[PDB]
Amino acid sequence: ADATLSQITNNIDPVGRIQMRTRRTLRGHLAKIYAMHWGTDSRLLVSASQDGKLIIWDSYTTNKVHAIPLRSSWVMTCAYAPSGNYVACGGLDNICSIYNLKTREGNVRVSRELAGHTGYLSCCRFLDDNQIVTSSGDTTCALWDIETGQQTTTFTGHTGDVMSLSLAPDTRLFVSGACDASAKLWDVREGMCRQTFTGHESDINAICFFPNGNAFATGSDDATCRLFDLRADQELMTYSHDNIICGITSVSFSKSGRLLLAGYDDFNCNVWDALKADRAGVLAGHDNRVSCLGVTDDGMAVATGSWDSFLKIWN
Amino acid sequence: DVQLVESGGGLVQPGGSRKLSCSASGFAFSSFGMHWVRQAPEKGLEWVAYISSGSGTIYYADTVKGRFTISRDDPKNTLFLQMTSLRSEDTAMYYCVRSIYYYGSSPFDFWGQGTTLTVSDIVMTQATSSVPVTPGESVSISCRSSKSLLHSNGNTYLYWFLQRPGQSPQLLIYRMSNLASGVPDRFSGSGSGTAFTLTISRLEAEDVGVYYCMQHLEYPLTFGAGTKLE
Amino acid sequence: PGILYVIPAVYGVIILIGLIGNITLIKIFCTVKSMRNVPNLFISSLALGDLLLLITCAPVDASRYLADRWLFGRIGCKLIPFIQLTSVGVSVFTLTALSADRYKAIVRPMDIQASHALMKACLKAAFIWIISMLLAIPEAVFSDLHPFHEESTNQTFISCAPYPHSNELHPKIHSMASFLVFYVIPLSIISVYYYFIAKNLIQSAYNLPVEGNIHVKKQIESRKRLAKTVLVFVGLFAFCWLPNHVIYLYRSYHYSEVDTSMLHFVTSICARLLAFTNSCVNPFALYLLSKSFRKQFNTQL
Amino acid sequence: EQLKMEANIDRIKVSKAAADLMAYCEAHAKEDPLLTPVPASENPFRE
Amino acid sequence: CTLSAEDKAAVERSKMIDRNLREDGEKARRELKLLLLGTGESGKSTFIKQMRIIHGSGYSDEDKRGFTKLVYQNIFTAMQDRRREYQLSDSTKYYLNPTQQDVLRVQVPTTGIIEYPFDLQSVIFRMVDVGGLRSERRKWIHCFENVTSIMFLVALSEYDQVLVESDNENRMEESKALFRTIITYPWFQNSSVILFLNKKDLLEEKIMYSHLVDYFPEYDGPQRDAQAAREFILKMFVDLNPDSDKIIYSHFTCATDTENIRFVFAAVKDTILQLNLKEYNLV
Amino acid sequence: XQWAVXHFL
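Here it is in C-alpha cells:
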C-alpha cells in the first residue's frame with residue numbers, strides 16, 4: 026500500500042454536477058419490481074415483478090414486445106441472454122427458469138428449469154447461450170449446463186447467503202457478495218476461489234465489475250459503497266455520506282467507469298464520481314425503494330426500477 | 001410444425017360469392033396478424049387484405065375495397081375472406097400470409113399453400145424478367161422504388177421473396193439487409209433509398225425461380241413484376 | 037339597531053367558524069398528496085359545496101335583514117339564487133353519496149377497489165354537481181324583482197323574489213317539490229344507510245374473533261361509540277334542515293300576503309342559523325371521530 | 017489450506033493500480049454519454 | 009401520423025399487452041395473501057396435514073409409498146417417560162408399539189415456499205408457508221411486506237418441554253421471543269396478527285402431572301386447571317403486542333378442529349373492516 | 001323590508 030487512491034486522484038478535475046431527466050417511464054407492472062436487465066442491443070430490456078410477470082420492453086417507443094407469465098410469483102432476479110434469444114428468472118422457488126424469446130410458434134415457452142440449489146435464487150447471469158451462473162441463499166454459487174440440465178461446477182467457500190453476482194467482461198472470472206460481508210473472486214473454469222475481500226461490516230446486497238475488469242464495487246446494508254482492486258488485493262475507496270444511513274439495493278457503473286450509480290432505500294439514486302468519491306448527482310424520480318439499476322452497453326441511458334412499480338429511463 | 005392450409009376455391013359463376021378460409025396450426029395464431037395475397041394465372045402477385053392481431057385494424061386493396069371482407073376466428077384458429085360480386089379479375093391463387101410486428105421481428109415469414117379461384137401510392141418496378149445463369153456465378157437482381165423507402169426511424173422497408181416452380185413464395189430478406197431464419201448465407205441484400213440489389217453468390221440449382229421485391233412503408237404493399245432466373 | 041348588530045354579531049361568528057373548518061379540510065386534501073383517494077374525494081366535494089353555501093348564501097341574508105333595498109339589482113337577483121340553490125343541492129346530495137360510500141365500506145368490505153374506483157368517484161361528484169346546476173336553473177329563469185304589499189305598513193315594496201305574483205300555483209308547486217326533493221329523499225337515504233351501518237358496527241363489536249374478551253375491551257367500546265356518532269349525524273342533518281324547509285314553505289303558501297311579526301322575525305333568523313350550522317357540523321364532527329385526522333387538521337392549522 | 021493458498025497471490029503496488037484505473041478512465045472519456053451528454057439529434061431517447 | 013405501418017402494429021401489440029396486464033391485476037387483487045410463520049410446531053408440520061384431511065384431500069397408494077421410507081427413517085431418528150427433558154418425536158410410542177395415520181405423523185422438514193390456495197364464500201386466499209426456508213430472514217422478509225395477515229401457530233403443551241440442543245432454554249420462551257420479533261417488524265405494521273394455540277388435548281393431560289407455576293413464576297391459579305393455564309398462556313402471548321391499538325386474533329385448535337377455515341375468514345373480514353374504518357376516518 | 005318574503009334561502 027504505497028498510497029491511497031484519493032491521494033493519486035487529488036489533482037484531477039471534478040466531474041461537476043450531473044443532471045439526468047426521465048426520458049421515458051415504463052408502466053404496466055402491478056406489484057413491486059425486484060429485478061431488471063438491459064439487452065446487448067441496448068434498446069430492449071426485461072424486468073421482473075411480484076405480480077408474476079416478466080416483461081420485455083422496447084425502450085425507445087415504450088412498447089411492450091413480450092409479456093411472460095411466471096409459475097412462481099416470488100421472483101428476485103432477472104437476466105437477458107447476450108445473444109438475445111433467452112431470458113432467465115428465479116426466486117424463492119429455488120429454480121432458475123430459462124425461457125426462449127426467438128421461438129417459431131410466436132409464444133415464449135420455458136426451455137429448461139434448473140433445480141439444484143436449496144436456498145432462494147438471488148442472481149443469475151448468462152455466460153453464453155448454454156452456460157449460466159447462479160447465486161443462492163444456500164451459501165453456494167453454481168455454474169450450469171443449460172442443455173444437459175445439470176450444474177457442472179459448484180463454488181462453496183461462502184458461509185453466509187450470497188446475494189449478488191457479477192461477471193467479468195472476459196467471462197472467465199466472477200465476483201460474488203454474501204451476507205457475511207465478504208466478496209470472493211471465483212475462477213469459472215477451475216471452480217476455486219482466487220481471492221477474498223472483507224472491508225464491509227454488514228451484508229453486501231450489490232456487486233459490479235469495473236469496465237476494465239481489474240476492479241469491482243460493492244454496496245452494503247451499511248450505507249457505504251466500497252471499491253476493491255483485484256491486483257493490489259485491497260479496498261481502494263469508500264463512498265459514504267453522513268446523511269445516508271439506508272441500505273444500498275443496487276450498484277452499477279458508467280461506460281467509462283467514471284460514474285458509479287447506486288440505488289438506495291432513501292427512495293432516491295445517487296451518482297458518485299468514482300475517482301474522487303464525491304457525490305455528483307441524484308436521481309429522485311421514484312417514491313419507493315429503488316430495487317434495480319442497470320446502465321446500457323453503450324452508456325446511452327440508465328434504467329431504474331422500484332417498489333412503486335414504474336421503470337424510468339434517464340439521460 | 002407451422003402449417004397454414006387454405007380451402008374454399010373452385011369454379012364460381014360470375015356475379016356470385018365465395019368464402020375462403022385458411023386453417024392455422026403449430027403457432028400462436030392469436031398473436032399473428034394476417035394478410036391475403038393473390039397471384040394472377042401467369043402474372044406476378046398482388047396484395048389483397050390485412051387483418052391485425054386482435055382485429056383492431058383492417059386494410060383492403062383499393063381494387064376490392066367494398067366487395068371483400070376479412071375476418072378471423074382467433075379461438076377456432078381460422079381466417080375467412082368473404083368475396084361478393086365476383087368480377088373476372090378475381091381469377092387468381094389466394095395465399096394466406098402470417099406476419100408479426102414488434103421490434104426485430106420478421107413479417108411475411110410463412111406463406112400458405114394457396115387455393116385456386118376461377119370465374120368463367138408506390139409502384140415497385142423490376143426492369144428485368146429473365147436472367148439465365150449457370151451455377152457458380154454471382155447474380156445481382158435490381159428493383160427500383162417510386163419514393164424513398166427509408167423511413168425517418170432509419171428502417172428501409174423492402175422485403176425480398178422467392179417463388180420456386182410449383183412451390184409457395186418464401187421470405188429471403190426483410191428490411192433490405194436482414195436474412196430470414198433458415199436461408200443460406202449465400203443470399204445478401206444492399207440498397208440505396210430508391211434503388212435495391214439482391215446478390216446470390218455461389219448460385220445453386222435450388223435458387224432458380226421468380227424473385228419478387230415488395231414494400232411495407234405505406235399500406236398498398238405493392239409488389240414487383242418479378243425477375244426470373246433460369 | 038342593537039338587535040341588527042346581534043344578527044351579524046352571530047351570523048359572522050358562525051360563518052367564520054365554518055369557513056375555517058371547511059378551508060382546513062380543503063387544505064388537507066391537496067397538501068398531503070397521499071390523502072387523495074375514494075373516501076377523501078367525497079368529503080372534499082362536500083367541503084367545496086359548504087364553502088360555496090357559506091360564502092354566498094349567508095351575506096345576502098344578512099343584507100336582506102340589514103337593508104330594505106336590493107343591493108345586487110336585476111342581473112344580480114338572477115345570479116344569486118342560481119348559486120344558492122346549486123350549493124344547497126351539492127351539499128345535500130354529496131352527503132348522501134358519503135353515506136352510501138361508508139355503508140359500502142363498512143357493511144360489505146369485499147372488492148372495495150372495484151377496478152377504476154377513483155375515476156367512478158370523480159364522475160359521481162361531477163354528476164351530482166351537474167344535477168345541482170339543472171335543479172338551480174329554473175330558479176334563475178323565474179327569479180325577478182316583484183312588488184310586495186304589506187298589510188300592516190300598507191307599503192308596496194319591490195324585492196327580489198323567486199317567482200311572479202301573476203301565478204298562484206307555481207309558488208306552491210315549486211315550494212312543495214323543492215322541499216320533497218331537497219330534504220325528504222336525502223334524509224330517507226341517509227337514515228337507511230346509517231341505520232344499517234350502526235346495526236353492523238354493534239353486531240361486529242360483540243362478535244370480535246378473539247378468545248380473550250378483556251384484551252379487546254377498548255376496541256369494543258370504540259365500535260359501540262362509532263354507531264352512536266353515526267346515528268347523531270342522521271339527527272343533526274334532520275334538525276337543521278327542518279325549520280328552513282318549514283319557514284320557506286309557509287311563506288310560499290301565503291305568497292301574496294307579507295307577514296311582519298315578531299314571531300316570524302325570530303323564527304326566520306333561527307331557521308337560517310340552524311340551516312347554515314349543518315355546513316360546520318359536517319367536517320368538525322369527523323374531526324372529533326379521528327385522532328389521526330385531528331393530528332392532520334392541527335398540522336394544516 | 018485455502019488461506020495458505022490465498023497468501024501466494026501476486027500483489028502489485030496500489031500506485032500501479034491507481035494509474036491503470038485513471039488511465040482507463042481517460043482513454044474512454046469521449047465515448048461516455050452520461051459523463052459528457054450527447055447532442056439531442058443523436059440521442060435515441062427524446063430525439 | 010409520424011409512425012410507420014410496422015410501428016403502428018407494434019403499438020397495437022403493446023396495447024393488447026397492457027389490457028392483459030390489467031386483467032391479470034384485477035384477477036390478482038381478489039386474492040388475499042396470508043403468511044404462515046414457521047415455528048417448532050410448524051416445523052413438525054403434522055397440523056397442516058391433518059387440516060388437509062379435514063378439507064377432504066387424501067392419499068393414494070403412490071403418496072403412501074412416498075412416506076414409507078420416511079416412516080422407517082423416523083423410527084431410527086427417534087431411537088438414536147421423561148420426554149420433556151429432551152427432543153423427541155411426539156409419535157414415538159405409536160410407532161414403537174403405511175396407513176393414513178402413519179402418513180400423518182412423519183415429521184419432515186420442507187425445502188422452500190409452499191403455497192396452499194383455498195376458496196371460501198367467493199373469497200380466495202393463499203396461505204404462503206415460509207417455515208422451511210432456512211435462510212437469513214432479513215434478506216427475504218420484505219417480499220411479504222403487504223399481506224392481509226401473518227398467521228402464527230404455537231403449541232400449548234410446550235411450557236414444560238426444554239430442548240437438549242438449547243442449554244436449559246424453555247421452548248415456550250423461544251416461541252414468545254419469535255412472536256415478539258416478528259410482530260415488531262415494520263414491514264407488517266399494516267398486517268393483522270392471527271395466533272393459533274395448538275395441542276389443546278395434550279395440555280388437558282399434561283397439566284395434571286406438570287405444574288405451570290414451576291416453569292413460569294407469575295402463574296397463580298388452581299394449579300390443576302387446564303382452563304386457567306390456557307388463559308395464562310394466551311395472556312402471556314397477547315401481552316407482547318407493542319401497539320395496544322391492533323387486535324391479535326386468537327383461537328384454541330385441537331387437531332380435530334373443523335372451524336379453522338371459518339375463524340381465518342372471520343379474522344380476515346374483521347381485519348378488512350378495521351382497515352376500512354381507518355381509511356374513512358371513522359376510527 | 002327584504003327579509004320578509006325571498007327564495008329558498
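Chains as they are written, first to last, in the authors' numbering: chain C, 26 to 340; chain H, 1 to 120, 137 to 246; chain A, 37 to 337; chain D, 17 to 63; chain B, 9 to 88, 146 to 162, 174 to 359; chain E, 1 to 9.
Idealized CB from N, CA, C, for every residue including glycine.
The beta-bridge partner set that DSSP reports for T263/C consists of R251/C. Take the alpha-carbon of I233/A and the one of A157/A: they are about 21 Å apart. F61/D has its alpha-carbon roughly 28 Å from the corresponding atom of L195/H. By the CB criterion at 7 Å, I62/A and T92/A fall outside the cutoff.
Any Cβ of chain B closer than 7 Å to the Cβ of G271/A would place that residue at the interface, and such an atom is absent.
Closest option to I56/B, judged by alpha-carbon separation, among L11/B, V206/B, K158/B: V206/B.
The bridge partners DSSP lists for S156/H are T215/H.
Rounded to whole angstroms, the separation of the alpha carbons of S217/H and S145/H is 20 Å.
For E14/B, the chain H residues whose C-beta falls within less than 8 Å of its own C-beta are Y101, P107, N171, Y173, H232, listed in chain order. Flagged as an interface residue toward chain B: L55/C, by a C-beta distance shorter than 7 Å. Non-local beta-carbon contacts of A302/B in its own chain, meaning distances under 7 Å to residues more than five positions away in sequence, involve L279, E280, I283 in chain order.
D186/C and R150/C have their C-alpha atoms some 17 Å from each other. Closer than 7 Å to the CB of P117/A there is at least one CB belonging to chain E. The alpha-carbon separation between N58/A and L322/A amounts to approximately 12 Å.
Using a C-beta cut-off of 8 Å, the region 190-203 of chain C makes contact with the region 229-240 of chain C, since at least three inter-stretch Cβ pairs fall below that distance.
Rounded to the nearest whole angstrom, the CA to CA distance from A28/H to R98/H is 11 Å. In the three-state reduction of the DSSP assignment, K43/H falls in the coil class, being assigned neither a helical nor a strand state.
In this structure, the alpha-carbon of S25/H lies about 56 Å from that of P245/A. The C-beta of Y325/B comes closer than 7 Å to at least one C-beta of chain A.
When DSSP reads this structure, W211/C sits in a beta bridge with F199/C, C218/C. DSSP, reduced to helix, strand and coil, places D346/B within a helical segment of the structure shown. In terms of beta-carbon proximity, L117/C lines the interface with chain B, with at least one pair separated by less than 7 Å. Only exposed fits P14/H, as fewer than 16 other CB atoms lie within 10 angstroms of its CB. In terms of Cβ geometry, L89/A and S135/A do not form a close pair [threshold 7 Å]. About 6 Å separates the beta carbon of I238/A from that of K260/A, a gap short enough to meet the 8 Å contact definition.
Around the beta carbon of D333/B, a 10 Å sphere encloses 16 or more other beta carbons of the protein chains shown; the residue is thus reported as buried. Of the residues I81/C, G282/C, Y264/C, the one whose Cα lies closest to the Cα of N295/C is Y264/C. When DSSP states are grouped into helix, strand and coil, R73/B belongs to the helix group. The three-state reading of DSSP puts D277/B in helix, counting H, G and I together.
Counting C-beta pairs with one atom in each stretch, the region 48-55 of chain B and the region 205-223 of chain B have three or more that are closer than 8 Å, which means they touch.
Straight across, the Cα-Cα distance linking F193/A with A4/E is about 11 Å. Taking 7 Å as the threshold, the shortest C-beta distance from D333/B to chain A does not fall below it.
Annotated three-state conformation of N352/B is helix, per DSSP. Setting aside the 5 residues that flank it on each side, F275/A is surrounded in the same chain by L310, each with a C-beta closer than 8 Å to its C-beta; the list follows chain order. Taking 7 Å as the threshold, the shortest C-beta distance from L196/B to chain A does not fall below it. Apart from sequence neighbours up to five positions away, the residues of its chain that approach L232/B with a beta-carbon distance below 8 Å are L273, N274, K275, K276, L278, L279, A305, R306, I309, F328, ordered along the chain.
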